[PDB]
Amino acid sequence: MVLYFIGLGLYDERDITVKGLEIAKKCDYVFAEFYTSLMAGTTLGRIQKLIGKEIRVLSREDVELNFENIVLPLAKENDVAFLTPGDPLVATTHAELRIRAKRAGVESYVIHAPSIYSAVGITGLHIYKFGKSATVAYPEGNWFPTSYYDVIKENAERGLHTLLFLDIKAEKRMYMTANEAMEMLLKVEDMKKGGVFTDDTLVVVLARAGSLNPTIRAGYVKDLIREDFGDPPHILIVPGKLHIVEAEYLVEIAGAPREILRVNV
């Protein structure tokens, strides 16, 4: 009679919470999706081994089109878990799944876990100063998306930080690097010419948040665009004007150049 939306956290199998693991262990059926994001520091086998339950992986279509014909039916006479990377209900379309549950006369509960939305706090940037968030999407055909560029503009204009998710191709396991994102932004800048993202723009790159050894780097685009940030996934952040405390952190912890203490504060 119960559906549990359980988050898996950031990087590996140990990023699930104690509450999440215990609840998952008591469930008769355990489902999961890995198309919204991937746990790059682990594998399906390691997650299954930690939970002690076989995990049935669902595709994007399984969820968005058939959640009610695949997951909810079993939840009527059993305790069912639906696992997702990060924090449940963060992916835009997931909240709607709770409505589907209600409509089916199924109780659902949410077991939280760390999300990149909060983990980016490790960059030293104040959370309250983050503005609207966006995704740098992979272009294609006659479609050249530039929305994320206006998001940066509108945020930075108000002294706000911009969190940029990088596009991902789940199955093809193709991750967009911070370098690729920077390249695209430089190209959109060439068109819009709004003076929003240039070789002199300060940016922060966070890679493998959740691991014990994340890569946190900060610097001007002209110096970081070709820097190697390690294995994915990467997250790009274009900070608004910095509070001196944020800057000192970026310098001492993320290796930022002293220059930002005078230029970006």
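Quick note: we count residues from 1 along the sequence shown, nothing fancier.
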{"property": "Mean C-alpha temperature factor, higher of 71-79 and 157-165", "result": "71-79"}
{"property": "Selected stretch [higher average CA B-factor]: 193-201 or 209-217", "result": "193-201"}
{"property": "From 25, 19, 243, 14, residue of greatest CA B-factor", "result": "25"}
{"property": "Among 116, 89, 188, 122 - the residue whose C-alpha B-factor is largest in the record", "result": "188"}
{"property": "Chain-wide C-alpha B factor ranking for residue 6, given as lowest, middle or highest third", "result": "lowest"}
{"property": "Residue 130 - Cα temperature factor, lowest/middle/highest third of chain", "result": "lowest"}
{"property": "Cα B factor band for residue 172 (lowest, middle or highest third within the chain)", "result": "highest"}
{"property": "Among modelled residues of the same chain, the CA temperature factor third for residue 181", "result": "middle"}
{"property": "Third of the chain, ranked by Cα B-factor, where residue 45 sits", "result": "middle"}
